[PDB]
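Below is one structure; the comments refer to it alone.
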């Protein structure tokens, strides 16, 4: 076979120990490498043979395992040194066929969001198109399942505006979600809303707007 | 009742190259026909018979009248050095059904060796119509398989009232029973051809073909395998003798999934992982070849009869091929090493003052069954420094790897099963291509 | 010290060519015996690489991605390049060729992103987005801003001469289906701080050189 992430998760705080994993076949039972990737620049390597660091790399990292299946740990992490990692394989024309992903996480005090709603403006009249933007600001965690209603009706299309998470100074999240329809499709109905279902909050709240909020 | 005496007592034909002629040396010297295109390729000790897929290369043997009836009620066996080219993926899907009989007694019955796809198969055609086959499913690991252009042996230990067996390298690899037969009026003609093949570039190279008028046993056939394996010459990977001043790539024996790689100009060597191919669709997989570094093996100082054949234990240099420019391996004095007994290797260390041990010697010490080769490194005062071996260890700032060494420490494992300084010498050969 | 430093800037149109030169510098010998390979990077997705070809030039990694791109070498300046043709938008990315020194892609470089778009440049279209006392005091006042119909990235997003960027939160841009890019820019201010001072967006997509500002006031009929 090839690589499979088992598991593919992370939940850590400043200071604690990271724990990742992979899985593959072992016909090349080779000890392998692990690649970190700071956002601001290009990725780089962290280990090779799961134990031997490269230069300039402080030894606070490590890893181990058998065959080709390997895992690794990282202790005393600093937010400034945190991003998704990646594990290898040994294909017989080798660069290393990458692992799918190592989803990462910074832990903050769990908290519900504070959603907003915004109607379009004169441009959509001068455009004939339409777009419905509703902010939800300064929340946590990554999970946010926002949907819409057309006076009642959920969407199947016009849902692809799912801008996703970032990270901030104070480790908060603030995404954005919009709509796109033609003025016929928009004025053809009266009241839309943002179905925000934050797993942290676990209680569906929704602000709505009034077409002609004058 | 000794091994070699029964060995030379039971042989009843010996097809052998002797000075560009094929002839039987089994006392019963029978006809050895040959045709203008029955070429002969390099041989272990001498030359090697060849075959090509057309009506050119027939080498038939009209046998003696008294022994024509040899197979009426007697058990026997065939044996020969063998190797076939690496059937590529394309030609494989093209011809994965063709069943050509290399050795047979057709016209028109009797024992008949056959090669088909990636299989060897005995085929016996008796009187009453019954037939038995003993397939050998391909050894899926091509890189050490038994149709991979490796010079290999086969024996087919026919027994009428018992089993017939096949033996690769002497080892058993497949068998099936035979009993329940009748008397055969087998014809006498012994075809050696690609009869009814369907590939133009198909070719099987038989060497040292022989037949024994009796059964055998594992111990004596192992001794026989060893016997044919003369220490006299110093084989390369494929089995044909090494060639001086020709290109070579080198592959450790317990590091198949590795191969060589230079790091920098004139500085240390090191090892790396395996580029290769895998057809997981036709049960095919093999480490790719010819990829790594090209090497040139010279004599230390030219001679009069400069024949590129290498005899056992001959003093040589070692040049590496790079951009078609040549560079020699070695070890300079005070050359930083591991434990001061595992001498790091180098390549043409362009030292202004420091000298360099450039005096090696091809040396055969172990693996009298498998075609490996050990290389030794002397000083300039005739002292054994060690063999070129596999021993870990980081150097400087660069990452840790596996590096080529020289450590007489190795001399204390020569009785073991696996070593770290045995080697393969692959030359760029026809019958294998990275698909 | 091997500073990879690449070029081949700009954007590509579908089925056209892309020149991508991997100038490895300051390593005079450079190409001695180790490999060289490329890296594919579709933003926010898994990472399969492209290929790996030697300076003997045997071949490169051929999974189902060849026959539209080609790999090259140049031992002259230790250089080696990437050929690209008959490409689709599905490979808009930032590519990475990196030194597979001893079979691990240890030193990596800045690199540069490639955008397989279809439309040309475009001045950005700023739109105001103003709150009011309709649902006032949602904790506090968060006024938004929409700029759209522009190409290509980036695009300036600031607020009132960059005076107070406090609590501002722009977003990563998203490609509009008809061949544009969309984003937003929202600040959060005191509920009743509106109408006393000014609140102006700042968007500017320099490649079209259209520096437009919208003096936004919370409009209430």
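Numbers for the structure displayed
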| item | result |
| --- | --- |
| Test result for residue B:422, in contact with a helix residue (DSSP H, G or I) (Cβ under 8 Å, 6 or more places away or on another chain), over 25 Å from residue B:326 (Cβ atoms) and buried (at least 16 other Cβ atoms within 10 Å of the Cβ) | no |
| Top-ranked residue of the stretch C:128-148 - restricted to ones that are farther than 20 Å from residue A:174 by Cβ and within 9 Å of chain A (Cβ to nearest Cβ), ranked as surrounded by the fewest Cβ atoms within 10 Å (Cβ to Cβ) | C:134 |
| Qualifying residue in the stretch B:262-271 (condition: in contact with a strand residue (DSSP E or B) (Cβ under 6 Å, 6 or more places away or on another chain) and either away from every other protein chain (no Cβ under 14 Å) or closer than 30 Å to residue B:93 by Cβ (or both)) | no |
| Filtered residue count, the stretch B:375-403, keeping only those that are on the phi > 0 side of the Ramachandran plot and either buried (at least 20 other Cβ atoms within 10 Å of the Cβ) or touching a helix residue (DSSP H, G or I) at 6+ places or on another chain (Cβ under 7 Å) (or both) | 1 |
| Verdict on residue A:141 being more than 14 Å from chain C (Cβ to nearest Cβ) and either under 28 Å from residue C:167 (Cα atoms) or surrounded by 17 or more Cβ atoms within 10 Å (Cβ to Cβ) (or both) | yes |
| All positions within the stretch B:158-191 that are part of a loop (DSSP other than H, G, I, E, B) and more than 23 Å from residue B:128 (Cβ to Cβ) | B:169, B:170, B:190 |
| Test set (1) assigned to a loop (DSSP other than H, G, I, E, B); (2) touching a strand residue (DSSP E or B) at 6+ places or on another chain (Cβ under 9 Å) - residue B:286 fails condition number | (1) |
| Condition check for residue B:356: within 14 Å of another protein chain (Cβ to nearest Cβ), in contact with a strand residue (DSSP E or B) (Cβ under 8 Å, 6 or more places away or on another chain) and at negative phi | no |
| Residue in the stretch C:154-167 that is under 30 Å from residue C:214 (Cα atoms), in a strand (DSSP E or B) and away from every other protein chain (no Cβ under 11 Å) present | yes |
| One residue from C:113, C:71 being closer than 20 Å to residue C:43 by Cα, touching a strand residue (DSSP E or B) at 6+ places or on another chain (Cβ under 8 Å) and more than 10 Å from chain A (Cβ to nearest Cβ) | C:113 |
| Matching residues in the stretch C:183-201 - criterion: being closer than 16 Å to residue C:163 by Cα and under 20 Å from the mean Cα position of the chain (by Cα) | C:185 |
| Where residue B:428 falls short, out of the listed (1) within 14 Å of another protein chain (Cβ to nearest Cβ); (2) within 22 Å of the chain's Cα centre (by Cα); (3) surrounded by 14 or more Cβ atoms within 10 Å (Cβ to Cβ) | (3) |
| Cross-chain or 6+ apart pairs with Cβ under 9 Å, the stretch A:66-80 first and under 17 Å from residue A:31 (Cβ atoms), then loosely packed, with under 11 Cβ neighbours inside 10 Å | A:73/A:17 |
| Selection status of residue C:124, more than 11 Å from chain A (Cβ to nearest Cβ), buried (at least 17 other Cβ atoms within 10 Å of the Cβ) and farther than 17 Å from residue C:212 by Cβ | no |
| Members of the stretch A:5-48 that are over 15 Å from residue A:96 (Cα atoms), more than 12 Å from every other protein chain (Cβ to nearest Cβ) and assigned to a loop (DSSP other than H, G, I, E, B) | A:6, A:7, A:9, A:10, A:11, A:12, A:13, A:14, A:15, A:16, A:17, A:21 |
| Per-region count, the stretch B:289-326, residues farther than 30 Å from residue B:90 by Cα and in a loop (DSSP other than H, G, I, E, B) | 19 |
| Matching option when the condition is within 14 Å of another protein chain (Cβ to nearest Cβ) and under 30 Å from residue A:88 (Cβ atoms), among A:128, A:157, A:101 | A:101 |
| Some residue of the stretch A:69-86 being more than 15 Å from residue A:7 (Cα to Cα) and within 14 Å of chain B (Cβ to nearest Cβ) | no |
| Which listed residue, of A:206, A:197, is more than 20 Å from residue C:142 (Cβ to Cβ) and surrounded by 15 or more Cβ atoms within 10 Å (Cβ to Cβ) | A:197 |
| Which numbered condition residue C:54 misses (of (1) within 14 Å of chain B (Cβ to nearest Cβ); (2) under 30 Å from residue A:5 (Cα atoms); (3) surrounded by 13 or more Cβ atoms within 10 Å (Cβ to Cβ)) | (2) |
| Among (1) within 11 Å of another protein chain (Cβ to nearest Cβ); (2) more than 23 Å from residue B:398 (Cα to Cα); (3) within 24 Å of the chain's Cα centre (by Cα) - the single one residue A:107 does not satisfy | (1) |
| Residue satisfying all of: in the stretch A:49-68; within 14 Å of chain C (Cβ to nearest Cβ) and within 28 Å of residue C:111 (Cα to Cα); surrounded by the fewest Cβ atoms within 10 Å (Cβ to Cβ) among these | A:56 |
| Residue B:234 more than 14 Å from chain A (Cβ to nearest Cβ) and out of contact with any strand residue (DSSP E or B) (no Cβ under 7 Å at 6 or more places or on another chain) | no |
| Within the stretch C:171-191, tally of residues that are part of a strand (DSSP E or B), under 25 Å from residue C:115 (Cα atoms) and within 9 Å of another protein chain (Cβ to nearest Cβ) | 3 |
| Residue within the stretch A:80-100 that is within 19 Å of the chain's Cα centre (by Cα) and part of a helix (DSSP H, G or I) present | yes |
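This table checks each residue for (1) more than 8 Å from every other protein chain (Cβ to nearest Cβ); (2) buried (at least 19 other Cβ atoms within 10 Å of the Cβ).
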| position | (1), (2) |
| --- | --- |
| C:21 | yes, no |
| C:25 | yes, no |
| C:28 | yes, no |
| C:32 | no, no |
| C:36 | yes, yes |
| C:45 | yes, no |
| C:49 | no, yes |
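No value in this document is a laboratory result; all are computed from the given coordinates. All Cβ positions, even for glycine, are placed from backbone atoms using ideal geometry, and neighbour counts span all protein chains on display.
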